């Protein structure tokens, strides 16, 4: 344990509440944020994107599933299913859209949004669950070209993603981060 300068960057780069939430998620899965630090930065990035995503749109539009502990998120998923009638997904998604009546799986990738979306779409058999991918280069890929949010909201997410990339490269940790996924 200890020694990784990715850890000090992650702590100085991200909101402290997001960092505590990423630590719980990895510790729930038997991973050490001080050891697997590239996944520590990835879990923080994925968490923040999900939060800025639900921040886009109306006030009660989304239900945040990511960031809850495994049991609570599954409890909320059931309540959404058993009241809207939508089918229970096989894997925990990140958001639910009360406006569009679908769960959203949000992906952040260090490669082509084409490959990651292929990978994630091959995982969920429920083609009903919406998929929305973002990349650190500025691209995005969504189901049926339905990007759910306003252009301005998704622009904010892509900008924040590129800033995190620049700050990693400035600290010479980006190359290890990209060649880690």
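C-alpha atoms forming the largest set that superposes within 1.5 Å between two forms make up the rigid core. Positions refer to the first chain, counted from 1.
RMS Cα shift after core superposition in 6 other deposited structures of this protein, winner of 48-56 and 125-133
This comes out as 125-133, the stretch further from the shown form in 6 other deposited structures of this protein.
When the Cα temperature factors in the entry are averaged, is it 63-71 or 109-117 that ends up higher?
The entry gives the higher C-alpha B-factor average to 109-117.
Using only C-alpha atoms and the B-factors in the entry, which stretch averages higher, 23-31 or 130-138?
So the stretch with the higher mean C-alpha B-factor is 23-31.
From 36, 55, 146, 48, which pick has the Cα B-factor that tops the rest in the entry?
Checking the PDB record, the top C-alpha B-factor among 36, 55, 146, 48 is at 36.
Splitting the chain's C-alpha B-factors into thirds, which one does residue 87 fall into?
Tercile = highest for this residue's CA B-factor.
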